[PDB]
K.L.:
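Here it is: the structure, laid out below.
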Number of protein chains: 2
Amino acid sequence: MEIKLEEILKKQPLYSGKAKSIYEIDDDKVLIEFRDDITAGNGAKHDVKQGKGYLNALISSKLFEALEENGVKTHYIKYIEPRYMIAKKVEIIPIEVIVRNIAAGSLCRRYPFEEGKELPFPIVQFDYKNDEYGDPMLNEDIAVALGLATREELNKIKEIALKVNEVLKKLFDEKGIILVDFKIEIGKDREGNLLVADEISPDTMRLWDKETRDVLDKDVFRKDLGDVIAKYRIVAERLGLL
Amino acid sequence: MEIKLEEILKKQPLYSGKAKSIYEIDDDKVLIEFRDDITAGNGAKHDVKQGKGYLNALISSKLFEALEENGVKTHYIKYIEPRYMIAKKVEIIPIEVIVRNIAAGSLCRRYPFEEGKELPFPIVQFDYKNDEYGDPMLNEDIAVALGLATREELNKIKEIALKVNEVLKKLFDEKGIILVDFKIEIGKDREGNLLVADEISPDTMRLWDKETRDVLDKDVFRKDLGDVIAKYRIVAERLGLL
Ligand SMILES: Nc1ncnc2c1ncn2[C@@H]1O[C@H](COP(=O)(O)OP(=O)(O)OP(=O)(O)O)[C@@H](O)[C@H]1O
Ligand SMILES: Nc1ncnc2c1ncn2[C@@H]1O[C@H](COP(=O)(O)OP(=O)(O)OP(=O)(O)O)[C@@H](O)[C@H]1O
């Protein structure tokens with residue numbers, strides 16, 4: 001007994017996106033509901049798949065706990081089955097932070113990188129979160145001129161990104177999974193601390209089986225590669241969450 | 001009695017681009033011919049305007065001489081009227097270096113910047129020079145991972161771009177002209193020195209009259225604003241080259 005889940009869900013979400021609903025708990029905490037909605041191509045492709053929110057909330061809680069254990073400060077407070085998460089309320093910085101270990105996705109489409117090729121070092125990419133503009137890639141000068149964050153913050157965010165990568169890449173490799181790349185969102189809590197927020201799940205990470213390189217993330221849905229839920233379940237399974 | 005110009009021109013160009021032809025003089029020097037061809041939208045729009053090569057070579061020679069006088073090392077050796085330039089031969093780094101003082105062009109199209117609005121500081125943008133990929137914008141990590149240049153070179157290139165900007169912006173302001181932005185190319189000479197190469201002309205700079213903000217650069221041609229050659233000539237006039 002700590003939060004009145006059933007009563008909070010009866011309220012109107014402070015915000016409702018394409019995959020999750022944010023409900024208010026109090027002044028500094030929110031209830032995050034992982035829905036069964038799954039999207040691709042920026043909304044262009046959508047469906048509702050049973051067990052998606054359950055698996056993503058489950059995996060995300062585990063990765064956050066792993067990060068916290070390694071000193072990475074996050075918005076995670078606790079997991080409430082099957083698809084809810086209690087988190088510290090933050091003000092999200094409109095920047096998609098992408099870290100890449102293997103060339104894939106837009107990197108290969110936009111530059112002469114061979115898909116599946118190991119990168120010399122983890123590439124960090126900042127994208128402007130703005131639908132009207134198609135989420136264009138940013139460089140440090142532009143983000144600062146746009147007033148999205150200060151130079152020092154942008155660099156701190158990059159360091160957090162690389163630390164997150166270090167923790168996760170190792171964790172998944174031990175579980176026979178290759179962390180191809182991932183995207184995180186950072187936000188400032190009531191005290192102004194920079195916290196990894198949002199989620200960290202197969203919806204936000206590219207994960208390939210180490211042996212076969214079978215796709216285990218949302219790309220399965222984007223490119224209709226097979227049973228996405230069954231693959232998401234393999235991830236949870238590998239992490240020992242089932 | 002300089003180089004054997006008339007004889008050099010009879011030779012097949014080492015390279016011919018959309019606006020200039022590169023002829024070999026010797027092992028470490030080249031003759032650069034500014035043609036009258038003018039293009040926009042990546043070759044999609046083209047024309048031949050008498051006097052363009054003459055005006056751009058004339059202006060570029062003057063700007064290079066100004067940069068050299070301020071310590072910026074360039075490939076410029078001497079100007080041969082009406083449209084030729086003797087330059088140190090260099091290996092061009094496939095990166096388009098853009099510096100912006102005022103928001104315009106792609107900056108306003110890709111991000112929520114107000115056109116004509118003064119930027120808080122000179123924004124430096126690196127674009128990958130590659131037709132097959134549409135010259136995508138780069139960030140430091142991508143450029144290095146692609147092997148275009150070392151991190152140290154990239155930062156050295158940025159320092160150069162900003163010094164160039166400092167010199168040119170002041171020069172044009174004294175001549176009643178606002179240097180909105182510009183794009184330069186860097187190359188390595190026989191000794192490995194990083195030199196500002198190619199050209200610096202109304203074809204590569206956005207220049208607006210200080211009082212009226214009338215466009216004086218190639219945008220006049222891109223958007224059919226009027227007599228492009230007459231405007232280019234105004235730039236030459238202001239610089240006292242006519
Ligand atoms: N701790 C938090 N406090 C406040 N808002 C949060 C927190 N964590 C994540 N959010 C926001 O929850 C919203 C809904 O998630 P989703 O529904 O995942 O968003 P989108 O994916 O619809 O928006 P993004 O594409 O996330 O802007 C996102 O806009 C995200 O920034
Ligand atoms: N000092 C130099 N030595 C060797 N090559 C040079 C030198 N200066 C510029 N160049 C090259 O000469 C070409 C100029 O022709 P342009 O007609 O200017 O080419 P593009 O139109 O092919 O230019 P991009 O190639 O668009 O810069 C460019 O490809 C440029 O990189």
Side-chain angles (χ1 to χ4, degrees), chain A residues 94-152 154-155 157-159 161-162 165 180-181 183, chain B residues 94-152 154-155 157-159 161-162 165 180-181 183:
Chain A
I95 295 179
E96 209 81 307
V97 183
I98 308 172
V99 179
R100 308 170 183 289
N101 295 309
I102 291 178
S106 72
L107 195 73
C108 294
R109 289 198 296 279
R110 295 164 52 63
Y111 313 99
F113 280 109
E114 184 187 324
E115 195 174 64
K117 207 291 155 192
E118 187 182 314
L119 295 167
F121 60 81
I123 292 174
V124 168
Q125 183 185 324
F126 291 167
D127 278 1
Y128 176 36
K129 298 189 62 58
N130 185 298
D131 269 77
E132 179 185 358
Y133 285 95
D135 307 315
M137 184 178 94
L138 294 151
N139 73 187
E140 182 175 294
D141 284 349
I142 298 170
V144 181
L146 279 173
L148 309 180
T150 67
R151 284 181 185 292
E152 253 191 292
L154 295 170
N155 287 303
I157 288 168
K158 181 167 183 166
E159 293 168 58
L162 294 169
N165 185 49
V180 176
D181 59 44
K183 150 268 181 177
Chain B
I95 296 178
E96 209 86 305
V97 186
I98 306 166
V99 180
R100 308 169 185 284
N101 295 305
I102 292 179
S106 70
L107 192 71
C108 296
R109 292 201 294 280
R110 296 161 49 60
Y111 312 99
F113 281 108
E114 184 185 328
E115 194 155 67
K117 207 285 182 180
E118 190 185 313
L119 294 171
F121 61 76
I123 289 179
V124 169
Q125 187 185 322
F126 288 173
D127 282 353
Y128 176 36
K129 299 187 57 57
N130 181 297
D131 291 71
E132 184 192 304
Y133 286 89
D135 305 314
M137 180 179 96
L138 296 153
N139 74 190
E140 181 174 296
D141 282 352
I142 309 292
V144 180
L146 277 170
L148 310 183
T150 64
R151 283 179 186 291
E152 263 195 286
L154 295 171
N155 287 302
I157 287 174
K158 180 169 188 166
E159 293 165 54
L162 291 175
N165 183 49
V180 174
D181 61 43
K183 149 268 181 174

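Both backbone and side-chain heavy atoms feed into the values below; hydrogens, waters and symmetry mates do not. Per chain, numbering begins at 1; letters A, B, ... match sequence-line order.
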K.L.:
By the definition side-chain contact (heavy atoms from CB on, under 4.5 Å), identify the one residue from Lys158(B), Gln125(B), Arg100(B) that meets it with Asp141(A).
P.N.:
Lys158(B)

K.L.:
Identify which part of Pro122(B) has an atom lying under 4.5 Å from any heavy atom of chain A, answering side chain, backbone, both or neither.
P.N.:
backbone

K.L.:
Please determine, among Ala103(B), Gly147(B), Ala145(B), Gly134(B), the option with the most heavy-atom pairs under 4.5 Å with chain A.
P.N.:
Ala145(B)

K.L.:
So, for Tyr133(A) and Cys108(B), which heavy atoms are closest and what is the spacing to 0.1 Å?
P.N.:
CE2-O, 4.1 Å

K.L.:
Hey, are the side chains of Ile142(B) and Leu107(A) touching, using non-hydrogen atoms and a 4.5 Å cut-off?
P.N.:
yes

K.L.:
Considering only heavy atoms and a distance below 4.5 Å, find which of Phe121(A), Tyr128(A), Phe126(A) pairs most often with chain B.
P.N.:
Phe121(A)

K.L.:
Rounded to the nearest 0.5 Å, what's the gap from OH on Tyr111(B) to CG on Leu146(A)? Could you check?
P.N.:
8.0 Å

K.L.:
Nearest 0.5 Å, what's the CZ-CG distance between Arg110(A) and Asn130(B)?
P.N.:
12.0 Å

